[PDB]
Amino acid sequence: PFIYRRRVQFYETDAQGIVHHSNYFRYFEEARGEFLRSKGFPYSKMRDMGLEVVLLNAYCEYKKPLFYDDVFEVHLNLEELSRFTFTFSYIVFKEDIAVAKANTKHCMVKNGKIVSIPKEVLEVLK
């Protein structure tokens, strides 16, 4: 898997003393960005071409909480890649333990229209 390792910041918690559920999606976005950066085609360069990566749906299942200052890892895997869309899966680990699992499906946009994924992008995703 591609691994993104991250520490919980205080502002990411809520009054329950855990990381708020909505912030997991932010962590997944950070992981996707580092995935692309690490492969040498950062999302920022995609945006310079006039490409947008559009989120279609997202799912997260929450098994155990994350606390302030916990070190955790998001292990990302490409699940599906078609002409128009791609799907990532994510497992969030803390110590030995899967603390959450998720997935996100995406498509791509240029000049206000859905475009098939450029071969240059297929290369880094694959």
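Each residue number is its position in the shown sequence, starting from 1.
Stretch comparison (17 to 25 versus 112 to 120) by mean CA B-factor in the PDB entry places 112 to 120 on top. Stretches 88 to 96 and 64 to 72 differ in mean CA B factor, with 88 to 96 having the higher one. Among all modelled residues in this chain, the alpha-carbon of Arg47 has a temperature factor (C-alpha) in the highest third. Among the modelled residues of its chain, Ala31 has a C-alpha B-factor that falls in the lowest third according to the deposited record.
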